[PDB]
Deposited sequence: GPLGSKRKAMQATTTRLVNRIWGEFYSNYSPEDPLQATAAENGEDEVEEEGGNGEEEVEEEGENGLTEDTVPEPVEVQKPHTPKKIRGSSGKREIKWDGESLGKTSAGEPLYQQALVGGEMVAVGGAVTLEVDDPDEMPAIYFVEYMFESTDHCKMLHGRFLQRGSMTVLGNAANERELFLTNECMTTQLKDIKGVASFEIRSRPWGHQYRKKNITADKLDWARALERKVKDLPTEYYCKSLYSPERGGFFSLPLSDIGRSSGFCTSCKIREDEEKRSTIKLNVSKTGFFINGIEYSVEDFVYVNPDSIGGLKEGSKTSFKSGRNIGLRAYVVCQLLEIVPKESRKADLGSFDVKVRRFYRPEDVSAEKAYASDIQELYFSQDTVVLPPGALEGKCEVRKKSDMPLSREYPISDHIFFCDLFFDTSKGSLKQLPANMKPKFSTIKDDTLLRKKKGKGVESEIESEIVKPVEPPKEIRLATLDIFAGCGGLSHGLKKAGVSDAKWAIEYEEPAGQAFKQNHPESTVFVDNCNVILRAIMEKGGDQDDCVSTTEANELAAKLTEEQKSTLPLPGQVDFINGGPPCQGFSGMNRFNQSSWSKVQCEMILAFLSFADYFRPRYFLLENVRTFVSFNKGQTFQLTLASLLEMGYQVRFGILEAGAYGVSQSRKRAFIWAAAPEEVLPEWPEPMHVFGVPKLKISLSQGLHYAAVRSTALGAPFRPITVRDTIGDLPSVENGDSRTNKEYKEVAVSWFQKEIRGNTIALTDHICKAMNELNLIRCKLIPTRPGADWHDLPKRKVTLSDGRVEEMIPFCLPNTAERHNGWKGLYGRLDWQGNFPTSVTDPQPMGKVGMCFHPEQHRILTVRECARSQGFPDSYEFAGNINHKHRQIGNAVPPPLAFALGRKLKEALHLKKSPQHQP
């Protein structure tokens, strides 16, 4: 319940949203060259007295006039000018959080006569050096710039605009300026060439040798292995049943018609039965002799099909390899599976994890090879204990982030740049010298990640205007202040999907506006955790930020079928951005089900409290072999104890898909001597406004998926689906951890409520691993 401790930059950005806020036209000079069409190229000109030059900006009438950064000028004797659009900040995803003097370069350009220019706008390109050591100089320069801008605005003088980033709504973010590709004055525009290449890579182009084509840039050819959409050849938490994956085919022939492709076919284990898909590798295929003639537009990508001997030695949980293996033959007519009677042949960053929790993000990030987890901050004792247990080489501060930040800023001597409450200062002054000597200092942290609390942004929160929820939503400012003070090379933020829509997006827009103020490149997206190898409907919003000299990571490619449409962020002007595709209509791998996740764990009764057990059966599914590994000790296979009435209700729920409280008979039970009603009073009382409370007192489906992991699985909770598919009990701690992708060797601390809170709060380790892989690729790109 502490007000966030912030630097003055973040405090100034958020303002009131912070609780603790404190006609003559003539060429100038000679020519310098000619275009490919023999047109002289000039660099300087005069248009009615005002001066136009390559690298400046010009104005066109449109309501505010449009601004165009001049790329080149040339001459019919008609004077011409090519310019790239400079979008204003208010017309971007920033909205009302943008400055009135900042312009963003876009990939849209136009050619216009010099007579159409309304005037010349004072325009500069801003490129400040990056580093924590330039913060004070940047602060002084920004104060001077603000004073000059206010002075000019008082006297009604023309505005002076600056540009430091390029706005990509198609890539969804703000990237670094290609300073070497703009203002060349050579008759060649990079955006024009990019547009031409994008237009070219869209049509059907049969190759010269009549053996392949160029669908969407991909160069398919005969004997290649391709993906085909399965359509071209429900209850709560069970919407993935009936969803099929990509049909893997071999390009056999190019049948002339403007042509068609004749392909063979491969069968997956799930095409035989659901029991065969359970006990089978996710990358297994069956040879068949069925050929289909398809249009060339039905192909969805390329893959490799090997034998079991030539499969890659490295095995990862989040599978990013488009490699399958074929060993058996599926007879379509008989339905049998027989044997086969042309297949295929340093950067670790010192990391600070704020709001660490039990270490779900840190585990995946450091498993990918990009994070060190050198420092962690987590103010809850059980979660900090779990983090220390799972990352023994990490320095964990079990303290408020607003106190750790105050201690860090006070250690560095920047007490005048800290906006903190008296309580934060008093608690920071009460830190022993041992902890104040191991605190991180700016220049030692190259990566800051972590997810601030989402309980104030979640749509479940009925009371999101209370003091507690308003304080929880204020932890964004402390995270941004950590990023501003330390200035790491990379920055990662995770929150709920509703974080981008909360308060009309004003919290989201004010976040990017902060990161852009520090001089970052910011990109945003929304990812579904169930498309990366878990049986869970978990939609999370991610924000990547990088220094101007670094490369922004790409988004991981989902490889599992999941019944979730495209998750779009609304930018502005009716535009939307989807970070990744939707795998509902096809993906390389089949969805993970509940039985694949928790099918092999031994049965336990209600209220089991044995924290140490032994595995009874061996792993069967592909998930169980990957989630257990070499673990021989079963930990935290314990479930919460239900009272007599709740246990009585649980035993009367049928063990069939779609079962919930609607199947409870209407009768009076006697427990003690108390007489109660079997059906809870609150469920039919407000069922009309809550979709009938579907899923409450509901069992999981063996072929479905787990619902969203909450910090307190209850029978009568907004989720509801917490009962075992076959056992009269709630899901154990270990089962809820497996549903989140946690390896069986992971440890949790506290009582059962603390462990459940730890699991329900954590980022799925597979998603963190995928993000870390993308970050590793970005780091190697530099």
Margin query: In sequence order, which parts of the deposited sequence are missing C-alpha coordinates?
Written below: 1-8, 31-92, 133-136, 150-151, 310-318, 343-350, 435-439, 444-474, 801, 913-919
